[PDB]
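Heads up, the chain below is alone and in the form deposited without this ligand; it's given as structure tokens.
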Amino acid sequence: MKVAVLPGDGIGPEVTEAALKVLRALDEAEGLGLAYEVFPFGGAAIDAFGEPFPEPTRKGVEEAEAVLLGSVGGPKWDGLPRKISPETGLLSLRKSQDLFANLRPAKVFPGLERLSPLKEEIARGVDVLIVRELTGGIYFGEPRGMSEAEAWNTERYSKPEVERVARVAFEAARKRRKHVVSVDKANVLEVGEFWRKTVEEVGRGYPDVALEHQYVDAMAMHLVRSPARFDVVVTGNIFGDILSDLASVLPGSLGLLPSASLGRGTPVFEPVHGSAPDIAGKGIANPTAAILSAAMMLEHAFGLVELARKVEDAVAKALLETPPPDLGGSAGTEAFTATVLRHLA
């Protein structure tokens, strides 16, 4: 288990270490063979090195089996060439590993249904994984243009593009509830139709997973009306972008969410939340997303499903007994971790 840790800025260092606390606990208990190294990245790298993703790091990530990322950026670096901004470093990391799928879970922890914008009856049991295609679609599609009279943008997809992302959805599903929902716009768009036909074909290779298809428009209504019925959801770049933001509001605290990006290279696990520089060094940062990313790591990069679920379990309980401030509570960073560990051992 060779992990590259890129603590990042602001609260990165503190929340990341909390994850490490957890990984370290499991290595000891389960004899996992954990081997990790921390590398400069983000604001910290620009400052110590003049650039966000220095060669030692790049080499660091390439020689590892997983990257655990903290948070990156802040006001301190809002005014530099894009050539060397924290965000560009993130962008480069992702490209260097040719990461084509973005994984984003949305789950309502038993007893935390109160923070959801939805009624409790509906919020209860939500546990959805949105798999978004990250390299193709309209966002990158050519021809693109603007006039004084019109503007155009092309939504285009290749069989191989659809194929790869679909493959990650099926593999993701087998480790979960083995139920996949592909989202297209088949009734109206050629692209939609092509996407549907390809996922159906790929699907033949995974008899152990149920496959269903839905219109993005229908899917939007369903993520509100009965989000508890989905497992894995896969779709294009723009639709996945919309559907993950939507789903991200279900649990009611955009601070509890981890995120993973898979592809050909070393996989990246990272909390969805920001840097929150105001809080750096105070203790108090909620390590929940960092821990949940550590857990994403065990499952998706190491296939250690059993453990990932163990950890998820621990945080679920930690959240109830010693909820952090962000959840109307007082447990600071260390306090919270401690309680997670307690349900670990």
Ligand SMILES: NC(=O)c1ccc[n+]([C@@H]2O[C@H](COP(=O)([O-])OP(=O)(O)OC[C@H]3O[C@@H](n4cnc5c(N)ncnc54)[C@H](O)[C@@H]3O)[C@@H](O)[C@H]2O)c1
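Residue indices: 1-based, along the sequence shown.
Form deposited with this ligand bound: not shown, discussed below.
The putative spot formed by 73, 87 and 278 is fully lined by this ligand in the entry with it bound; each residue has a non-hydrogen atom within 4.5 angstroms of it.
Residues within 4.5 angstroms of this ligand in the entry with it bound, judged by any non-hydrogen atom, belong to 266 to 274 and to none of the other stretches in 155 to 163, 198 to 206, 120 to 128, 266 to 274. Proximity to this ligand in the entry with it bound, defined as a heavy atom within 4.5 Å, holds among 115, 224, 228, 254 only for 254. Taking 190, 150, 98, 78 one by one, only a single residue has any non-hydrogen atom within 4.5 Å of this ligand in the entry with it bound, and it is 78. For residue 293, no non-hydrogen atom is located within 4.5 Å of this ligand in the entry with it bound, even though that partner is not displayed.
Although the partner is absent here, residue 67 sits far enough away that none of its heavy atoms falls within 4.5 Å of this ligand in the entry with it bound. Although the partner is absent here, residue 326 lies within 4.5 Å of this ligand in the entry with it bound, judged by heavy atoms. This ligand in the entry with it bound comes within 4.5 Å of no heavy atom belonging to residue 19. Looking at 282 to 300, the residues that come within 4.5 Å of this ligand in the entry with it bound, counting any heavy atom, are 285, 286.
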